[PDB]
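Enquirer:
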Ligand SMILES: Nc1ncnc2c1ncn2[C@@H]1O[C@H](COP(=O)(O)OP(=O)(O)O)[C@@H](O)[C@H]1O
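Chains as they are written, first to last, in the deposited numbering: chain E, 17 to 150, 152 to 458; chain I, 155 to 219.
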């Protein structure tokens, strides 16, 4: 149920030690990369500190050397506390709005405000409801409820009886009357009145009575970013825009006033600012018009730390014509700090394939694992990690239990690795459309 | 003369009548304001003849005739 095995469903954190920052070589999924994971650990421990600006760390490296893996490790090693936002750098080139402003919203999405305030709620099974609608109306009525411990009678206002016939509270429901507003969230049905429910399904869940007192205060903690407040204070009922993307060019005075009230909330002690992480995946797909704004959005007090990943070597910058390292201009490479990765040794390839095999729960003989490591030496991690999922299914064709050499050699036979595909293109020139010609036998 | 005593008409803050703490909810069996579940336990296992004396101390006992 919505936990389908992806290409990164085996990473359960960054995996490094949190006491001496030592990258232990096999923990929580990330296996093999040492120096880059220690530098990511240092960056991660200065994110949770909070006493630094929005800085820029560039995870540069060759393809399939674990860059999205390190970013997802830092995403899993923070929990749902500090806001992590992914941004593949082609969501910026929109048509609903401009391009620099679409980047500004992605900066504002990663600066949370965390405020904690209390509510008063009521648990409990309804014993019975009597409503004095007799021609009368919703004027007076009695509500008898109980927990396992308590039991009580309440009288109701008119604007509560109009919420009781609104949710249709039966004799046996497990409701949560939020006292400060009046909404009723039925948590379920009580088991002891299972006879008293006729208009339900044959398969219907039933709960027990709530345990404890019947009138308690909850300290809920909410955390919303500054872009949330910006989109809220933009129309009449404008929060729908951030669920439908129909927000446009937000005027800058609104952002300035909200940057003032967040500081006034912090100085009164009513609030607390949490700087998040913004991960700009594939940062080489930005033109120089973006870098001339990231060079100055990383200057203010309210700026999240930017982590970004580049594949290209000496390549061209979009918008302009002159080449540069990593596809980035040099005045922006002065800002960033670069972490370089390395290709993988074959034993690390073998144990990464072992983790990817244990994640999908596929049994492997060690001979097939040796053959698969030999393939991954010559065709990369992605090809072998797909040959695993193919070979399990090919073993399931002929009703086998463990995969073997006779199935990896079929998966290697049907599905070409991209090197042999490049050889296929080079040896089938005259029929494949290069630029001009089509020859038909 | 002697009919100058005046009643009231205002919302009253109802307190507990077992203890003196502020109590927000009563009972169906004995109609006692009570603070929490310990006082509810001591209400539902008290010996008979006293659950009416609490309403006697608060007033409106309504003893039989
Ligand atoms: N240290 C590691 N531990 C486990 N799996 C890894 C590690 N490094 C890379 N991988 C795997 O290799 C694949 C390529 O990593 P990824 O970061 O997606 O490559 P790229 O940097 O080209 O995006 C990923 O699917 C990931 O599962």
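By construction, the Cβ of each residue, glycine as well, lies at the ideal position given by its N, Cα and C atoms.
Counting along the chain, where does the beta strand (DSSP E) carrying residue 133 (chain E) start and finish?
Expert: Here the beta strand (DSSP E) through residue 133 (chain E) covers 127-137.
Enquirer: For residue 283 (chain E), I'd like the list of residues in its chain whose CB is within less than 8 angstroms of its CB, leaving aside the five on either flank, ordered along the chain.
Expert: Answer for residue 283 (chain E): 289, 290, listed in chain order.
Enquirer: Which stretch, first to last residue, makes up the alpha helix (DSSP H) that contains residue 372 (chain E)?
Expert: Residues 363-377.
Enquirer: Between which two residues does the beta strand (DSSP E) carrying residue 296 (chain E) extend?
Expert: Element bounds for residue 296 (chain E): 294-298.
Enquirer: Kindly list, in the order they appear in chain I, the residues whose Cβ is closer than 9 angstroms to that of residue 230 (chain E).
Expert: Simply 190, 191.
Enquirer: Would you mind listing the beta strand (DSSP E) stretches within the segment 33-102 of chain E that are 3+ residues and don't spill past its ends, in chain order?
Expert: With a minimum length of 3 residues, the continuous beta strand (DSSP E) runs that stay inside the segment 33-102 of chain E are 72-76.
Enquirer: Are residue 327 (chain E) and residue 60 (chain E) close, meaning C-beta to C-beta below 8 angstroms?
Expert: Against a cut-off of 8 angstroms, the Cβ pair of residue 60 (chain E) and residue 327 (chain E) comes out as no contact.
Enquirer: Which residues in the same chain as residue 371 (chain E) place their Cβ atom closer than 6 angstroms to its Cβ, once the five residues preceding and following it in sequence are excluded?
Expert: There are no such residues.
Enquirer: Specify the secondary structure class of residue 254 (chain E) as computed by DSSP and reduced to three states.
Expert: Three-state DSSP puts residue 254 (chain E) in coil, outside helix and strand.
Enquirer: Closer than 7 angstroms: is that where the CB of residue 83 (chain E) sits relative to any heavy atom of ligand 1?
Expert: Yes, ligand 1 has a heavy atom inside 7 angstroms of this Cβ.
Enquirer: Kindly indicate which three-state DSSP category residue 160 (chain E) falls into: helix, strand or coil?
Expert: Residue 160 (chain E): strand per DSSP, three-state reduction.
Enquirer: Is there contact between the segment 330-337 of chain E and the segment 347-363 of chain E, where contact requires at least three CB pairs shorter than 8 angstroms?
Expert: Too few Cβ pairs lie closer than 8 angstroms, so no.
Enquirer: Could you pull out every residue in the same chain whose Cβ sits closer than 7 angstroms to the Cβ of residue 179 (chain E), ignoring the five residues on either side in sequence?
Expert: Excluding residues within five positions, the ones whose Cβ falls inside 7 angstroms are 155.
Enquirer: Answer with buried or exposed for residue 96 (chain E), where buried requires no fewer than 16 other C-beta atoms within 10 angstroms of its C-beta.
Expert: The residue in question, residue 96 (chain E), is exposed, as its Cβ has fewer than 16 Cβ neighbours within 10 Å.
Enquirer: Output yes if chain E places a C-beta closer than 8 angstroms to the C-beta of residue 180 (chain I); else output no.
Expert: Yes, because at least one Cβ of chain E sits closer than 8 angstroms to the Cβ of residue 180 (chain I).
Enquirer: Hey, how far is the Cα of residue 176 (chain E) from the Cα of residue 229 (chain E)?
Expert: Roughly 28 angstroms separates the two Cα atoms.
Enquirer: Could one say the Cβ of residue 208 (chain I) lies closer than 8 angstroms to chain E's Cβ atoms, at least one of them?
Expert: So no, residue 208 (chain I) is outside the interface.
Enquirer: From residue 156 (chain I) to residue 162 (chain I), what does the alpha carbon distance come to, in whole angstroms?
Expert: Rounded to whole angstroms, residue 156 (chain I) to residue 162 (chain I) spans 17 angstroms at the Cα level.
Enquirer: Using only the heavy atoms of ligand 1, determine whether one of them is closer than 7 angstroms to the beta carbon of residue 49 (chain E).
Expert: Residue 49 (chain E): yes, Cβ under 7 angstroms from ligand 1.
Enquirer: Note down, in chain order, every chain I residue with its Cβ under 8 angstroms from the Cβ of residue 169 (chain E).
Expert: By Cβ distance, chain I contributes 179, 180, 181.
Enquirer: Within the present structure, is the beta-carbon of residue 24 (chain E) separated from the nearest heavy atom of ligand 1 by less than 7 angstroms?
Expert: For ligand 1, at least one heavy atom lies less than 7 angstroms from the Cβ of residue 24 (chain E).
Enquirer: Starting from residue 166 (chain E), find everything on chain I with Cβ-Cβ shorter than 7 angstroms and list it in chain order.
Expert: 191, 194, listed in chain order.
Enquirer: Terminal residues of the continuous beta strand (DSSP E) containing residue 240 (chain E)?
Expert: Residue 240 (chain E) -> beta strand (DSSP E) spans 233-242.
Enquirer: Against residue 161 (chain E), what residues of chain I qualify as contacts under a CB-to-CB distance less than 8 angstroms, listed in chain order?
Expert: Per Cβ cutoff of 8 angstroms: 182.
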